[PDB]
Ligand SMILES: Cc1cn([C@H]2C[C@H](OP(=O)(O)O)[C@@H](COP(=O)(O)O)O2)c(=O)[nH]c1=O
Ligand SMILES: [Ca+2]
């Protein structure tokens with residue numbers, strides 16, 4: 001896999017945000033994770049965590065996996081990095097998303113994420129409390 005540039009347009013929630021990629025606005029949905037919806041327990045904390053991590057970054061990048069790049073709602077499907085740090089991983093490490101939605105042929109980072117989830121669980125962080 002490889003990273004490509006993007007810029008932030010607007011935060012949305014824990015696992016979606018609007019980015020400009022190849023100069024077009026697109027809503028991205030983070031691969032391999034599920035944050036709670038805003039109206040659910042830990043939803044607001046997830047949305048805050050993602051918003052802060054991406055808004056504070058000097059460099060946002062998008063990394064597609066090997067399979068489909070957009071979902072049935074038109075959302076980009078990627079791993080997002082903020083100053084080289086993956087958001088998807090960081091959310092799971094902090095117990096603010098579950099590993100989820102692991103579809104064959106878009107699961108390159110599955111084991112990396114599962115490892116974070118294990119540590120978040122060991123620590124009883126957030127969702128796992
Ligand atoms: C993360 C991801 C979600 N989706 C679809 C599955 C779910 O469909 P349904 O809407 O039919 O439940 C939906 C969940 O995303 P959200 O967690 O954003 O709702 O997005 C994919 O198709 N591919 C993916 O990689
Ligand atoms: Ca969600």
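Our numbering is plain: 1 for the first residue shown, then up by one each step along the chain.
Looking at the header, which is where the method is noted, we find X-ray crystallography, 1.7 Å.
Using the three backbone atoms N, Cα and C, a Cβ is placed for every residue, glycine included.
According to Swiss-Prot:
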BINDING   15, 34, 35  Ca(2+) binding site
ACT_SITE  29  active site
ACT_SITE  37  active site
ACT_SITE  75  active site
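Sequence features annotated in Swiss-Prot and their locations in the structure.
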residue: 15; record: Ca(2+) binding site; Cβ contacts under 8 Å, 6 or more apart: 29, 30, 33, 34, 35, 46, 50, 91, 97
residue: 37; record: active site; Cβ contacts under 8 Å, 6 or more apart: 13, 43
residue: 75; record: active site; Cβ contacts under 8 Å, 6 or more apart: 16, 26, 27, 28, 29
Of 29, 34, 35, 37, 75, recorded positions neighbouring ligand 1, Cβ under 6 A: 29, 34
Cβ-centroid neighbours of Ca(2+) site 15, 34, 35, 8 Å, sequence order: 13, 14, 30, 33, 36, 46, 91, 97, 98, 100
Recorded positions near ligand 2 among 29, 34, 35 (Cβ under 6 Å): 34, 35
DSSP three-state assignment for residue 75 (active site): coil
